[PDB]
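If you want the building blocks of each chain, they are given just below.
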Amino acid sequence: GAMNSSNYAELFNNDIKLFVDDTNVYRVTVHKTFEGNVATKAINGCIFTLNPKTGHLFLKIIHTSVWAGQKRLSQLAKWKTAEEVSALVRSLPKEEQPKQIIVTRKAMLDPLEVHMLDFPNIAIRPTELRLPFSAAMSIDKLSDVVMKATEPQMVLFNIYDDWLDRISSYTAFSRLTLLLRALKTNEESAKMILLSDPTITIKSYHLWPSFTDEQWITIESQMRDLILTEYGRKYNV
Amino acid sequence: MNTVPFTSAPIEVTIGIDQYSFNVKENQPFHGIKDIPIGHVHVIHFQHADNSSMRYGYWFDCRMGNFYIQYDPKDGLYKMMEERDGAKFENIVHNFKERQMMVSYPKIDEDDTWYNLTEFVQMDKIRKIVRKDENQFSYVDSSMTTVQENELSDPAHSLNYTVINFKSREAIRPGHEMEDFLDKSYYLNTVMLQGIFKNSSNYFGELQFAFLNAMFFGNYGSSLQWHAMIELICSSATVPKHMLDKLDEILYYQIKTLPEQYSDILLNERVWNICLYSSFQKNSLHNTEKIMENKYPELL
Ligand SMILES: C[C@@H](N)Cc1c[nH]c2ccccc12
């Protein structure tokens, strides 16, 4: 069924699974027309499809042209998402196909279930976790590839850089989610934390700085402080 | 006007004949029902006094043979049987009418309720849904499950309703996933009407039969089927105008006839609110919406 804190280690077992987040698939700016009306202009979006065990991110870039001439775009975004995810699975060798796809919003369940009726042995599940994957566009290199795309495009990343050489999947997922939570709550401070030291660099083939283990502990603590605090400045406590 | 003679009434039982019902007391001199309207299907059904569990009953058409009810003390039920000796049956019935041992099917002349609830129901189609080929009549009870229920355990005693499943390959064309799921016209018109049912009279017939079995027997899977078939129409943007008009009438009389006190279990809140207020046909069921809102405003 659904996914919550009670079956949390399941993410890191040896059944292939992906999260699918659609919160950045349809993105708009809202602006005033010459007539003083309001209108939306769409910008490029992305499907955030993530193996939580390997860190492999299938980042399907959603180019604005996919919306041209279409109505009910929030509803189509969910069906577009499910079409792209279905196509993704179909392109993987059987032994690479997920046994489960977990959607981060319940409104993706029916669009994905329908697009995957071909795949009865793939379980489509919601989750009760409030995962911060929407902040994925606060990762500079991801944001950069989305905004520069001139056509539909799929780009592959390892959202964990090389961490799995030193830590477990569980721990790496916990680090990613703390970093994304931090970026979602206060992007500026989160980003100040990550780069406050000019001697720590982001390797060309990575998304996050090259922190040592001890530096990661300091960072992780600082991010916790941020999340605690902003939650202070938010509920005045 | 035909007659269903009972051999006797050895156990106390409430007898239903279509939408009418009467209490028979244990070993009362009851010998059946007379003046039954020719030209319609009928259902005679039974709730024993001692065990309100298991309503059961018999769909039949008096044109298809001479039928009687004989209590079976082994299986413990009133059983519908056929007399092929036509003259012997005539004599048996004549004798019980001469002694006035029969209740009279009490149809009011203004009253088209039974016709309106059974317009498209025909025995031949009932016998396809309820498979017991050796009898011209069809037994149904509360506990019988449906072919679709058995796919989610005895196949002989099931209700072979047409399986409708909105998240199925048959309902969804490859490459039209969104289109077919949000507008079920393909599934209704091509798959079900043109493909399976052939016409809308067969479809409405199953729909009415499902409703009646749900209402008379509290058969849960019949109730699911009735709602499913309504929803398939209401969630199709493209439906023949004559089907929509007829559906409105059908549903109107079903809702009118429902027992007010059973509405909470027989009526599915989600399906009806969707159909009346969200669906493509939200504006096409004027009589049904008017009676629903005046009689069961609570559900909505
Ligand atoms: C012992 C039973 N077979 C008696 C019976 C045979 N035919 C009938 C028709 C009407 C009512 C009773 C009967």
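Residues numbered from 1 in each chain as written, not as in the entry; some residues may be left out. Chains lettered and ligands numbered in written order. Heavy atoms only, no water. Residues with missing side-chain atoms left out of burial classes, pairs and counts.

- Per the deposited record, the coordinates in this entry were obtained by X-ray crystallography to a resolution of 1.72 Å.

**Some details on the overall build of chain A**
Item 1. Secondary structure summary: chain A contains 6 helices and 8 strands in total.
Item 2. Mapped from its N terminus to its C terminus, chain A presents α and β elements in the order β-β-β-β-β-α-β-α-β-α-β-α-α-α.
Item 3. Relative to the globule expectation of 18 Å for 237 residues, the C-alpha radius of gyration of chain A, 19 Å, shows essentially globular dimensions.
Item 4. If you line up chain A on its principal axes, its C-alpha atoms span 55 × 50 × 40 Å.
Item 5. Evaluated residue by residue, chain A yields a buried proportion of 47% over its 237 residues.
Item 6. For chain A, the proportion of contacts with a sequence separation of at least 24, taken over those separated by at least 6, is 67%.
Item 7. Total accessible area on chain A is roughly 12400 Å²; 52% of this is exposed by carbon and sulfur atoms.
Item 8. Side-chain charges of chain A comprise 28 positive and 27 negative groups, with the mean position of each set lying 5 Å from the other. (Helix = DSSP H or I, 4+ residues; strand = E, 2+ residues; numbered from the N terminus. Rg over C-alpha atoms; globule rule 2.2 N^0.38 Å. Buried < 20%, exposed > 50% of the residue type's maximum accessible area, 1.4 Å probe, protein only. Contact = heavy atoms within 4.5 Å. Areas by Shrake-Rupley, 256 points an atom, 1.4 Å probe, with all protein chains shown as cover. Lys, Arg positive; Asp, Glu negative; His and termini not counted. Charge placed at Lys NZ, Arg CZ, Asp CG, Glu CD.)

**What about the packing of helix 10 (residues 269-277) of chain B against helix 11 (residues 286-295) of chain B?**
Relative orientation and spacing of two packed helices are given, respectively, by the angle between their axes and the distance between those axes.
All names here are of chain B.
Item 1. One way to put it is that helix 10 packs onto helix 11 with a least axis distance of 11 Å and a crossing angle of 130 degrees. Compared by their axis directions, helix 10 and helix 11 come out oblique. The hand of the helix 10/helix 11 crossing is left-handed. Together, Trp272, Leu276 and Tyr277 of helix 10 and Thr288, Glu289, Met292 and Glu293 of helix 11 make up the contact between the two elements.
Item 2. A per-class count over the contact of helix 10 with helix 11 returns 4 nonpolar, 1 polar and 2 charged. (Axes fitted to C-alpha atoms, helices over the stretch in contact; angles between N-to-C directions. Parallel < 35°, antiparallel > 145°, perpendicular 65-115°, else oblique. Left-handed = near helix turned anticlockwise from the far one by under 90°. Nonpolar A, V, L, I, M, F, W, Y, C, P; charged D, E, K, R; others polar.)

**Regarding the interface of chain A and chain B**
Item 1. With 9 residues of chain A at the interface, the matching set in chain B holds 8 residues.
Item 2. In total, chain A and chain B occlude about 880 Å² of area from one another, counting both sides; carbon and sulfur atoms represent 69% of this.
Item 3. At the boundary of chain A with chain B, the tally comes to 3 salt bridges.
Item 4. In this structure, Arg169(B) engages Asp118(A) in a salt bridge whose closest nitrogen and oxygen atoms are separated by 2.5 Å.
Item 5. Put simply, chain A and chain B have 3 residue pairs in polar contact between them.
Item 6. The set of elements that each furnish at least two residues to the side of chain A that touches chain B consists of helix 1 (73-91) and helix 2 (109-115) of chain A.
Item 7. With 4 residues, the top contributor of residues to the side of chain A that touches chain B is helix 2 of chain A.
Item 8. Classifying every residue of the side of chain A that touches chain B gives 4 nonpolar, 2 polar and 3 charged. (Buried area = accessible area lost by both parts, 1.4 Å probe. Salt bridge = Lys/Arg side-chain N within 4 Å of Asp/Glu carboxyl O. Polar contact = N/O pair within 3.5 Å; in protein donor to acceptor, adjacent residues only side chain to side chain.)

**Some words on unusual backbone geometry**
Residue and element names in this part refer to chain B.
Item 1. Despite not being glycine, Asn27 shows a phi value in the positive range, around 65 degrees.
Item 2. Looking at the element boundaries, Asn27 is found in the loop between strand 3 (20-24) and strand 4 (32-36).
Item 3. Its relative accessible area of 56% is what places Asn27 among the exposed residues.
Item 4. Residue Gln100 is not a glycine yet carries a positive backbone phi of 55 degrees.

**What about the pattern of salt bridges?**
Item 1. Applying the stated rule across the entire model yields 23 salt bridges over all chains.
Item 2. With a shortest N-O distance of 3.3 Å, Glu84(A) and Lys60(A) are connected by a salt bridge. Taken together, the residues span a long stretch of sequence, with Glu84(A) in helix 1 and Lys60(A) in strand 5 (residues 56-62) at a distance of 24 residues.
Item 3. A relative accessible area of 14% means that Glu84(A) is categorised as buried.
Item 4. The salt bridge partner of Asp61(B) is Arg63(B), with a shortest N-O separation of 2.6 Å.

**A short note on the nonpolar core**
Item 1. Counting residues in hydrophobic clusters, the biggest one holds 113 residues, and the most contacted among them are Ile15(B), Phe46(B), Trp59(B), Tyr78(B), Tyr203(B), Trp226(B) and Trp272(B).
Item 2. Take this core: its biggest share by element is 11 residues, from helix 6 (residues 200-217) of chain B.
Item 3. With near-sequence residues (within four places) excluded, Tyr203(B) lies in contact with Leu188(B), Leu193(B), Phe197(B), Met229(B), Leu232(B) and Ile233(B).
Item 4. Formed by 48 residues, the second largest nonpolar core is a distinct cluster that contains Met3(A), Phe12(A), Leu59(A) and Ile200(A). (Core = buried A, V, L, I, M, F, W, Y, C linked by side-chain atoms within 4.5 Å.)

**Details of the site of the ligand**
All names here are of chain B.
Item 1. Taken together, the residues surrounding the ligand are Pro5, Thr7, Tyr68, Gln70, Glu83, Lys88, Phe89 and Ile92.
Item 2. Between the ligand and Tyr68 there is a distance of 3.2 Å, counted from a nitrogen atom to a side-chain nitrogen or oxygen.
Item 3. The separation between a nitrogen atom of the ligand and a polar side-chain atom of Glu83 is 2.6 Å.
Item 4. Contact with the protein chains removes 72% of the 340 Å² of surface that the ligand exposes when unbound.
Item 5. Residue assignment for the shell around the ligand shows that the elements contributing at least two residues are strand 7 (66-72) and helix 1 (86-98).
Item 6. For the shell around the ligand, the element with the most residues is helix 1, which contributes 3 residues. (Near = heavy atom within 4 Å.)

**A closer look at the sheet that holds strand 5 of chain A**
Residues and elements named next belong to chain A.
Item 1. Taken together, the 6 strands give an open sheet; going across it, the order is 7-6-1-4-5-8, and neighbouring strands pair in mixed fashion. Pairing within the sheet leaves two strands with one partner each, and these edge strands are strand 7 (123-125) and strand 8 (153-158). Taking each pair of neighbouring strands and ignoring which way they run, the sheet shows an average axis angle of 20 degrees.
Item 2. Contacts between helix 3 (residues 140-148) and the sheet are confined to strand 4 (45-50), strand 5 and strand 8, with strand 5 contributing the most and set at about 30 degrees to the helix. (Pairing = 2+ DSSP bridges.)

**Some details on the domain arrangement of chain A**
Residues and elements named next belong to chain A.
Item 1. Domain assignment breaks chain A into domain 1 (9-163) and domain 2 (164-237).
Item 2. Here domain 1 and domain 2 have C-alpha centroids that lie 23 Å from each other.
Item 3. Across the boundary between the two partners, domain 1 contributes 26 residues, which contact 26 residues of domain 2.
Item 4. In total, domain 1 and domain 2 occlude about 2300 Å² of area from one another, counting both sides; carbon and sulfur atoms represent 67% of this.
Item 5. Of all residues in domain 1, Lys141, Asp161 and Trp163 give up the largest surface area on contact with domain 2, accounting jointly for 32% of the area buried on that side.
Item 6. One can count 1 salt bridge joining domain 1 with domain 2.
Item 7. Where domain 1 touches domain 2, the interface holds 17 residue pairs in polar contact.
Item 8. Elements represented by at least two residues in the side of domain 1 that touches domain 2 include exactly helix 3 and strand 8.
Item 9. For the side of domain 1 that touches domain 2, the per-class residue count stands at 16 nonpolar, 4 polar and 6 charged. (Domains from an automatic or database assignment.)

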